[PDB]
Each structure stands twice: as structure tokens, then as C-alpha cells.
Amino acid sequence: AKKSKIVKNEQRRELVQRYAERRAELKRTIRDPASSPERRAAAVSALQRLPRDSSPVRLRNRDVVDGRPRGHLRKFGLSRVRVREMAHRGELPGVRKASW
Amino acid sequence: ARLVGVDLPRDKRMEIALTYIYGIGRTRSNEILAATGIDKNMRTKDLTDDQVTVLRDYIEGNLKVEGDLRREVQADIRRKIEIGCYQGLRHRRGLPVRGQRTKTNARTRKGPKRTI
Amino acid sequence: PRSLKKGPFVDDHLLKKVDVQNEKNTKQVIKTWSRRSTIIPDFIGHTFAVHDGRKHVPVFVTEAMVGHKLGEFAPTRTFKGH
Amino acid sequence: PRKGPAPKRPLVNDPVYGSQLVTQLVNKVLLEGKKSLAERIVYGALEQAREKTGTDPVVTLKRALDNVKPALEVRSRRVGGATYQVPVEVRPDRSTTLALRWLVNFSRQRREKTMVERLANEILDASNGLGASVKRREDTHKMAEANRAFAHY
Amino acid sequence: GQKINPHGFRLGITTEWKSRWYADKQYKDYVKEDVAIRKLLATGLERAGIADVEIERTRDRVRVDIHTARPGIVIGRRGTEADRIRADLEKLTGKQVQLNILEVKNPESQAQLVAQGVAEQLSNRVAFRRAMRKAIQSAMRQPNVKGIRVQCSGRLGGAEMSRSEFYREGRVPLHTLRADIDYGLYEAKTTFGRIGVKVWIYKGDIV
Amino acid sequence: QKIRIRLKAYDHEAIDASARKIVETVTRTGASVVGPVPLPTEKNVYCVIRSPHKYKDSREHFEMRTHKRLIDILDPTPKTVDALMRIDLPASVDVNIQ
Amino acid sequence: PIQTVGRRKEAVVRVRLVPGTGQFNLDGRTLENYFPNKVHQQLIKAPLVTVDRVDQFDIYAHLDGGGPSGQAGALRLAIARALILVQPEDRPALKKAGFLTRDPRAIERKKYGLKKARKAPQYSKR
Amino acid sequence: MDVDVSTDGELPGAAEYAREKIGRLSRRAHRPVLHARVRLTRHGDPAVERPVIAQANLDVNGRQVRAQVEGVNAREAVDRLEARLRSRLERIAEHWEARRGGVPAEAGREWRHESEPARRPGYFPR
RNA sequence: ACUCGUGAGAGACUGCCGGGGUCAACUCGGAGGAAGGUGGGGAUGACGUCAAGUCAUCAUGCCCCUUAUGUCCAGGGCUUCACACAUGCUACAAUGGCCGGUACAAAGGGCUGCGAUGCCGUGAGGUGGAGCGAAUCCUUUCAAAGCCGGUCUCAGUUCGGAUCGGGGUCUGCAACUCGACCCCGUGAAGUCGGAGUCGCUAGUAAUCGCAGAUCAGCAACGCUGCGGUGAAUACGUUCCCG
């Protein structure tokens, strides 16, 4: 798509691995049990202070080379346009046209 | 039988007749009939006076129906209007308030179709 | 609506702003951008300039509008008729 | 049907009555593939008819069919760039089909609170010659006769 | 959209997959590294005709086999070309990557090489009729070639109007499944735009 | 004690070749085998649109088929096991040893 | 013993025939607890009727796949096959009735671009 | 006659002119018009000699009538579209006056596809 | 042993018989057979047409921007509504609604995912985590229409569920604009739809449920598949369309 947006997606992923791995997950563990004292702890407020880009909810599965944000397939990490072209060329092992 | 000022249907099973009360649906009628003990499927012309009394005092005790419910709902809508919230002006101009699409549908709030 | 276990959601920015505003008992116009923050009983007197998309519109809180969100009082789309 | 006639489906004889006609009737009343409900409706109507009259139900069903079976029908024909209502003779199979379809429909618009009752009343009056399907046969024969001038082509 | 890609039509019957490995959790990243390898090799080498690139993987070690019509060009006599490709394939996070450079036996019977040659001739100055005729004659001169069709389209000759032209010789049965149709597509770079050249070559059938 | 051998590959011929080769080596080492028990083929289907833009009604279907074979042996003498880690197989077929 | 199978559109029926009375054992349930539909029962017993060997064979059946109608059809085919295995010289009687033919009528595959196997989306010219 | 115009880009006053011109065609249609749509488009490329493209669709009692023209500006395209639509409506008429010359005439003179075949006796005339 | 799963193979070739046939193609009927005459359904789309669509998958000639038409961020918008068109879903009910009991599928998915037993809620759900990279465990042991029993009695109704009031759950940094779901209440239009028009020839139409991709959640009634129950009709090419 756009080079800047392809890059920014990756930057979100490295931000996610750096922050969402433990910082943005221990706060969730605090909020889960009503027994846990969340209200004074401000685990909500502390987790607000974290960057938005820490949250995986901001991620977007784009095509691994093409950058296409829609028509994505999780098995291949490829757009529907690219999967069709590489399967036809025999590039994805064990993939072929269907009949039944 | 005049129940809370509501003329009951001439011949209906009890819970569905009780549905005719403005504050009662099918769940409420079922549970109140179970709780106060009057049988659920007996017709509306078989009530005794004491049965009407027990329905009356129970409903007046642990339920709100008829005029009070209507005026409380009206008050809620009006208070929602006068604070200027989004639902407020949505009520003011007769448009759907729960995010429904208005490009094509929403004739229920818009009323009958008009040509212009 | 938000679940009760999590509690109401207020952004830290305007939360801190209102704590420092009410500690000396005068309410100046507070300029905010967080339409997603709900209204707390700590806002009863303060006047908020909530963002709209183009500008900030003054919102004076009362007892009734507690529990709502600031965005409910800053209408975004403008329609006058055809 | 451009390349010739198509084969017909040989539907089976009914088990509890042993007649082709009742299976044809159940397939006519069938809706959405609920065959069991259709069979229940037809069997109930036949039993109601047997109770009311007191004899075999298939014989009265056949009597009703003969009472509502048409013989002459009208089809629009375009000969020499002009269309007219031409009376045409009806083959036996099409007559049975028309009679059954008329019976089922006119029972569907009866007012007997249940399809089994409506069907039973319709078949009984058709047996006695008072049904609305009998009437419909009367008007179709009347229309075929009134256009007899066009039968020459 | 008229004709499906001939390789994909016979993928499970006549032709074979160009990538051989098995992955369940790591299918996606395997695919990513494979396409990265392919694009790297496509960009780096253009002089020698790169007819095909195969990738084989097994745990840590990665085996990449490529077929070229000029193996000496892509290989370093002291390994300099080999050193460069090895190092920048290690940099592709391939762990242990080893290369088997190969050579095609009949360059004129290979569709990809034929299309590459035709497009290269088209790019500089050559009239397209000359290129197609020369390619067709050279391919038909080979023993196993039973039929070749060459088609190129675009602003041929720098014209303002796009055109499609094709010549065929012999038999090219695209609808027959058992017949092996070698298909090659490659784009010619001209000053007036991009010209696409497609080649179909038919050499008997495999049963 | 017996150990399970599981084979999974996208090509039926290759998985059959691996199965027969494994049976051959284990019977060379003097072991009892249960044979290449077939297992249901796994089918993963994908449907895509042919054209880059619009033209939704034209779709293309692809599958990914996985064939599974089961090898079970007995009397695990150390020679058989050592032979088992010393078998070369096509990169297409993977082996699961349990 | 003798054992055959009947298949009818994703319904598979295994049958075990023994020369006892007319007892129908369908996975531990009788012909009445199973198949509570008279047409299905007639469809089941038709091969016996044409062979006139009713109430002289105890029948044990395994049912799996499909619905009641497919199960009944597969069971009828299984019974016909069992009869052809027991008394071969009755083959014309069963075959001319068609009970020896597997019905090759399966759910047609759904096609892309169409709502159903054949039903097409509504198209508006205006 | 009500017409809806779906233009695009820049075409000021094209919608009003197109509506006023097309709406005058209702009287020419011999059957009631159920719908009428017009689309105005312009070509981005300045090299195109006739950039503006006008299309129309009328539902004349279920019969679809459509036309398409090209022009150098909105007015010319709309006028040419009106001419084309009028020609199509003339050719569509299908009332009696429009099919009185095609109805087969005479008895033996002239032959047509729908002409009445001659009646022939069983025996050869001789 | 019988199913089944998956490898190999056999099996339909007008092969045979009788009749039409130019003794030619071809055609009609019969036997055998699971299947009979390209068995059923797929994949496969000639030269070209329509300067058809796509410079927004991608690539690219030329032109243009380059302290911006690049680039980062918050908020908003893409969801606006007097209307018009199009594709669908739900209904207008008794061949039905509600309640209780009860029987039969296929296909597919699952690792920081599926998630069971148990316990707590009325219910979304909460706690908890058995076992599962899975013909094993979970999706409940898998369905709904179906069958049996009871009730409703032709009414804008025990039909229909829109809209609206209040209260919650879950995901998520965050459900105001602008999510889904649950509970109580509310109970609109709608009585089978003009001109006109659409799909479908058999396991088809109609109807019933299940699954998948995308996906933190979902606007999914959409799309792609799977199985259950399963019709009517074709006289025949004058007319309409290609």
C-alpha cells in the first residue's frame, strides 16, 4: 500500500512485544478478580498511561510483502490476490485447485 | 374483574389475562401467579372476590404498573431530553436513538412515509 | 455499557485537572479532548470545553448528567434539513 | 421440452389405503417437504369422511374427483397473428391433476378452523356436488362452451 | 480473464511444486522467508537466465537450488559470487543455507529463458516480429519441442495504441491435462512502457 | 514398551515411500511392526476472488491436503532405535516419534 | 452367518439376518420404537412382501448416518441384498422390483455465485 | 414523469437540463413508465474528443429501453440522448398501429413466419 | 467378521441381442449390471468483442507535489436523512404459537487456542481448569425440522416482533457519536401485497439446522461449504428473450 503504513504496522508489533508482553497483561490480571483491590490500585489508570500502541487491538494483519490490508489469510500471511498467483505457480507446498 | 382499574378479558387463562396489565408481561404474570398461589390456567370468570383482593394487594406491594409506570417512563424520557444529551435531541426530532440506520429504514420513528 | 467490576472510566488527564481544580474551590473552563470519559460526581460544578471535531463546546455539568459520557453533550454531525 | 417429452415420476401406492390417488393427494397438499404432516392431514380427512358418511373413504374420494374432474378447458392460441380463447380437450392425467389441485386449494380457503376439517368438508360436498371446486368446474365448462366458435383451430 | 496459468492447471498431475517442505505452526514465516529469498535472487541476478528457483527446508538447514543458462556468471571462481550470495542468505535469517547451482540442458526448450531472451531483444531496439520468429525457429529446431506459441502485447514499437500479437507453430493443446505445457512470462522494459511476453512450449505428454 | 511413529505429508507417493522404507529398516533390525495404518486425510479449503477489483461472483477454490500414516513397532531393541535416528527422508515428509 | 450393507445418501445400514421370527431389532429398538411412520415401515417390508418371506427371519440392524428416510431406504436395500444372499433363485423377483439397485441420488454440491445448488440470485433488469 | 439523475464530478446544470429534456418523453411512450434513470459522466483524459457520456434507462411497462451517447459538453450529450431514446421508443411501440403492417394479410398472396399454413386434403389433388 | 478410514485394481466400451437405417454415421427397444448410451456434479473458457473493470493488490511511460498533494498525533467522519432504487431477513399464523418428553447428520475448526467435569447466577456469563497440535480431547455425548403429549380457538390474538424505558455481561486503552449479547417492561406496521417482474426440471425447488474464512469483539439476516426432510409440472415451439 503505502511504505509509511507498512512500516508503522511493524513498529506497532515491536511495541506490542515490548509492552503488551508483561506490562499490559499484569494489569488485566489485577482487574480480573473482584477480590483483587483494583480501585485504589489504579491498575486501570496505570494501564491508561501506557501507550496506545502497546495494545494489540491496534494491530492489523497486512500482506507480508504486498501491504494489502484486506482479504488477508492467516495460514499464509498473504493477500487473496497474492495467494492465487503463487499457488498457481506452485510456490505454496501442498496447494492446488479444488474439485468435488 | 376490575384489577387495578383494568378491565380483565372476559375469558382468558390467568397469566395471559394478567399480561393485560400495563406493567406485566408473560414472565411477571407467571411468577406472581406462582408466588401468591392462584392457579395459572383458570379462566377469568372463575375469580372470587378474595382472589381479586390478593392480586390487588400483592401487585400494589411489590410491583409498579398502570399510571405510575407510564408517568415514570415519561419523566425519564423528558429528563433525558432536557439535559441536552444525544438521545435528548434524538427524542426531540423523532429519530431512532439506539444508533439505527436512518438512510433508508426507521419508518417506525419517522412515522408513515411522506412524499416531497 | 461498561461492566461494573472494571468501574467507571475517566482519563487521567482531566481527572488530574479536576482534582487540582477542586482543591482550591474555583471552577475555570477546562479544555478537554476525552469525549470517552464518563461524568463523575466530582464534576458537578466544572465547565468543560469538550471537543467536537471542529471546536470545543462548553459543557456545564449538573447532578442529572452524572454517569453519562462527555461526548453525549457535544453533537458532532450538524443537520438542518433538506 | 424443446427436444421431446420428459419421463413421468412413478409415485408409489399408499400403504394404508393401497390407492394411487391418495398419494397424489398427499403430494398435492404437501408444503415445504413436511411429508409426515401432509400424510396426517390427508388420513385425518379421510377418517373424518368415513365417520360422517359411514362407508369407505376412497369411494367417496373418487366420487368427488369425478364430480370435479373437467373435460373441456380453454387455452390462449395465437394463429395467424391473433390470440383467442380456444376450447381444448383435456387429457385424463391433466384432468385428475386439475381436480386434485382445485380440491386442495378450495379446501385451503374454507372456514373450518383446521385443514383436516376443511379438507373433509370440501371432499364431502364435492361428493354430493355442492363444493366450490364443483362450481369451478361448472364455470370452466361454461367458458369452454361459450367460446366454441374458436374450436375449429 | 481467458486462460488459467498452465502450471497451476497441472500442478498435481504433470508439473511439480517448486518449494518442498512441511510446516504447521511455521507455515506463515516459512512462506515469508521463501518469498524474500525469491525476490532477492530475482533482483540480484539478471544477466544469466534464471529459469527456476527451488527451495527445500529441513529444520535448521535450508537448501536452495536454482537453474540458470549461464552458471559461470552467477558463480565466483574463487567463490566471490558464492560468498556474496551465501552471506546475504544468512542475513535472511535462514540459519544454515546451502546452494546447489545447476544448469539447464537445452536453454532454447525452456519457456522462461525463451521469454527472457525475446524480452531482452525487444527492450533495446529489435522489431517484435524478428524476435518472435527467431525464438520460434530456435525452439522448433530442438528435438523434443512439438509446439511453441509466443505472444507479446503492449505498446509494441513505441506506438500510442497497445496491440497483442502471437505466432504459433505445431501443436499447443492447452486444454489437455496430460500434455505438459511449459509456460514462461517475463516483462520487457522499454522507454515507452512495459511489454509483456508469454511463451507456451509443448513437448509431448507424460502419462 | 512401544513407541508411535506418525507421518504427515502433502504428497501421497512420498508418504507411502517413507512408510515402506521405515518398515524395511525396522524389519532389518529385527522388530515387529503393525504396518502403515492409514488415517483420514485432512482437507483445508480456501475460496478467493479471481479479479483484483470487483467481480465477486467469480471465485477460485484451493485445498491443502495432508495424508497421515501410522507406524507402530514393538520390542524396542537399541539397534532399531539407533537405526531410527539414522534414516534419511524427503524434506516433504515429517516424522513424529512418541 | 450372513451380513450385508445398505447405503442411501449418507445413511449406512449393517444388517444381520437369522431365520427366527419376524422380530425387528434396530440398534436395540423395535420397528415401532424406531421408524414411527407407516410409509417407512412399508418401504422396509416391501422386499419381504414380494418374496413372501415375511415373519420368518429375525433381523438385527446397525444404523448410522443420514436421517430416518435415508436409513429406511438403506435398510430396505440391505434386506434385499441379504435375501439375494440367502435364496439366490429369487433374483428376478427382487431385481424387477428394483430393490437391488443402489440409489445414486446425493445432495448436489453448492455452487459459488448461487444461493443453492441451482437457485440463482434474483436479478433486476430495471 | 419523474427522472432521477446520478451525475458525478463537475457537471453544473447538467442534471436540470437532463431531467427537463428526458421527462418530455413520457407522452411518446405508449405504456406507463415505471422508472427512469440517467447517468452523466465525464472522461478524465483531456485527449478524448467527446468526454461527456450520458446514459438512460426507462422501464416502459416492464420493457427495458436504454441508450448511450457521447458529446463535447453536457447539453449536447443530453440532446443526443433524447434523440436516441425517441428513436428507441418509436421502434418499441408494439400497439396495433405499430404492428398492423407485420400481421400476415391476404389468403395465398405473400408468406410469413406466422402465416396460416394452407389446409391440405388427404388425397393428392390430381 | 461386518462398517469405516486410504493405497492398488476391476468395472460401461453401443461390449451383446433384435429392429430401422446407403450396410454408413447414427437411432429405437431388450438382456446383463451398482450404473447404459458424453451415469451425476466439478475443474478446464478458442480467435476475438465491449478503448468493459482495475494506475487504490502489484508493476509501470509521461505529467504533477516536495517546507507539501510527503510524514507523525488527538478528536471527528466513512454510520449524516424529506426521499428514490436494489439485494435480503422476519412476518402477516392453526400445514400454526407456547410448554414437556423424545430420535436420527455431514462437514469443519482448535496452542499462548478449543476448552470439559464441578461450583455460583435466571441469563448472557463468572470461577476453575481435566484432556487435547488432536479418527483419541473440546466443539457437548453434537442438530433443527420430525414424532408423542398438553394448551391456545381464528382475535391485530398466547400471531408479529419493530420502537422505546430501566437494569446487566463480555471484548477492548476506550462501546457518546458507533458493538454484540442477556433480563424485566413496552407491543408499531403488518389480514398475503397494483402495473410489472424473478428463480427453478429431481435429491432439484421449498423448508430445517450445522460449520468455516475475515475476526479482541462484532453490524453476519452477507459470503463459502455441509447434511435432514423433500414436491408439482413439461401438451408443444405460435408468441416474448438470447
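Against the longest principal axis of chain C, how steep is helix C:12-22, in degrees 0 to 90 to the nearest 10, with axes from Cα atoms? Helix C:12-22 sits roughly 60 degrees off the main axis of chain C. Springs join every pair of Cα atoms under 10 Å in this Gaussian network model of chain E, and among E:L92, E:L185, E:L122 the largest mean-square fluctuation is at E:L92. Using the Cβ-Cβ distance between F:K56 and B:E72 with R0 = 45 Å, the FRET efficiency computed as 1/(1 + (r/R0)^6) comes to roughly 0.30.
Counting Cβ atoms of other protein chains within 10 Å of each Cβ in F:7-14 and taking the mean gives 3.
Stokes-Einstein diffusion of segment B:72-116 at 4 °C, 1.567 mPa s viscosity, Kirkwood radius from Cα pairs, rounded to a whole number: 113 µm²/s.
Per residue, chain D reaches -18500 deg cm²/dmol at 222 nm when only DSSP H runs of four or more residues are counted, each adding -39500 (n - 2.57). Between helix D:132-146 and chain D there is an angle of about 10 degrees, using the helix long axis and the longest principal axis of the Cα atoms. Secondary structure note: in the protein assembly as shown, about 85% of the DSSP beta bridges are antiparallel.
Pairwise inverse Cα distances across chain C, averaged and inverted, put the Kirkwood hydrodynamic radius at 13.5 Å. With θ taken as phi - 60° and the Karplus curve 6.51 cos²θ - 1.76 cosθ + 1.60 applied, the whole-hertz 3J(HN,Hα) list for segment G:46-61 is 4, x, 4, 5, 5, 8, 6, 9, 6, 6, 9, 8, 6, 10, 10, 10 Hz, x standing for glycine and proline.
For C:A64, no residue whose modelled amide H falls within less than 5 Å of its own remains once neighbours fewer than 5 places apart on the same chain are excluded.
Report summary: the helix-based calculation at 222 nm, which adds -39500 (n - 2.57) for every DSSP H run with n ≥ 4 and divides by the residues of chain G, gives -10000 deg cm²/dmol. Using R0 = 22 Å, the C-beta based FRET efficiency linking A:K8 and A:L73 works out to 0.50.
Its Cα centre serving as origin, segment B:1-71 has a Cβ charge dipole (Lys and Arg +1, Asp and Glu -1) of approximately 320 debye.
In summary, the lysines within cross-link reach of D:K135, defined as a Cα separation below 23 angstrom excluding same-chain residues under 8 places away, comprise D:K28, D:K52, D:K62, D:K69, D:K113. Between G:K115, G:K45, G:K96, the residue with the greatest mean-square fluctuation in the GNM of chain G (Cα pairs under 10 Å linked by springs) is G:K115.
When only Cα pairs below 8 angstrom with a gap of at least 6 residues are kept, chain E shows a relative contact order of 19 percent. The reciprocal of the average 1/r between distinct C-alpha atoms defines the Kirkwood hydrodynamic radius, which for chain G equals 15.9 Å. Close amide H pairs (under 5 Å, H built 1.01 Å from N) link E:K146 with E:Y202, E:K203, E:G204, residues at least 5 positions away or on another chain.
With θ taken as phi - 60° and the Karplus curve 6.51 cos²θ - 1.76 cosθ + 1.60 applied, the whole-hertz 3J(HN,Hα) list for segment H:20-30 is 5, 6, 6, x, 6, 8, 5, 5, 5, 5, 7 Hz, x standing for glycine and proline.
Span-like helix criteria (full DSSP H runs; alpha carbon extent of at least 24 Å along the helix axis; mean Kyte-Doolittle hydropathy of at least 1.0) are satisfied in chain E by no helix. If you wrap the tightest convex hull around every Cα atom of chain B and split its volume per residue, you get 156 Å³. Over all directions, the projected convex hull of the C-alpha atoms in segment E:1-56 averages 5.7 nm² in area.
Taking 37 °C and 0.692 mPa s as the conditions, I'd like the Stokes-Einstein D for chain E in µm²/s, using the Kirkwood hydrodynamic radius from alpha carbon pairs. It diffuses with D of about 176 µm²/s by this estimate. Within segment F:58-98, the percentage of alpha carbon pairs spaced more than 17 angstrom apart rounds to 52%. Each label point was placed 7 Å from the Cα along the Cα-to-Cβ direction; for C:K16 and D:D56 their separation is 9.9 nm. Using the Cα gyration tensor of segment D:20-147, with a ≥ b ≥ c the square roots of its eigenvalues, what is the shape: rounded (a/c below 1.5), prolate (a/b larger than b/c) or oblate (neither)? Prolate, since a/c reaches 1.5 and a/b exceeds b/c. Rounded to the nearest whole Hz, the Karplus-based 3J(HN,Hα) values (6.51 cos²θ - 1.76 cosθ + 1.60, θ = phi - 60°) of segment B:40-51 follow the sequence 7, 9, 7, 6, 6, 8, 9, 5, 8, 5, 4, 4, with x at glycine and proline. Note on the protein assembly as shown: semi-axes of the ellipsoid equivalent to its C-alpha gyration tensor, largest first and rounded to whole Å, are 60, 53, 46.
Checking every one of the GluC sites (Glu not before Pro) in chain A against DSSP loop status and a limit of 16 other Cβ atoms within 10 Å picks out A:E21. Loop sites by DSSP among the GluC sites (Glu not before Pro) of chain H, restricted to those with at most 10 other Cβ atoms within 10 angstrom, leave H:50-105 as the longest stretch without any of them.
What the pair-distance distribution of segment E:16-105 shows, using all Cα-Cα distances binned every 5 Å from zero, is 3, 13, 26, 27, 18, 9, 4, 1, 0 percent.
Using the alpha-carbon atoms, what tilt in degrees (0 to 90, nearest 10) does helix F:12-28 show relative to the longest principal axis of chain F? The helix F:12-28 is inclined about 10 degrees to chain F.
Every helix of 4 or more DSSP H residues in chain E counts as -39500 (n - 2.57), and over all residues that averages to -9500 deg cm²/dmol at 222 nm. Applying 1/(1 + (r/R0)^6) with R0 = 51 Å to the Cβ-Cβ distance of E:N124 and A:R18 gives a FRET efficiency near 0.50. For the segment E:12-23, counting C-beta atoms of other chains within 10 Å of every residue's C-beta and taking the mean gives 6.
Residues considered: D:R118, D:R40, D:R77. Largest GNM mean-square fluctuation over chain D, using C-alpha springs under 10 Å, is found at D:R77.
Counted without the sites themselves, the longest stretch of chain G free of chymotrypsin sites (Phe, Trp or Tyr not before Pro) in a DSSP loop having at most 14 other beta carbon atoms within 10 Å is G:1-111. What you get for segment E:1-155, charging only the Cβ of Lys and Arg (+1) and of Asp and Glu (-1), is a dipole of about 600 debye around the Cα centre.
Using ideal geometry, Cβ is built from the backbone for each residue, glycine included, and neighbour counts are taken over all protein chains shown. Throughout, read-outs are computed from the coordinates displayed, never taken from laboratory work.
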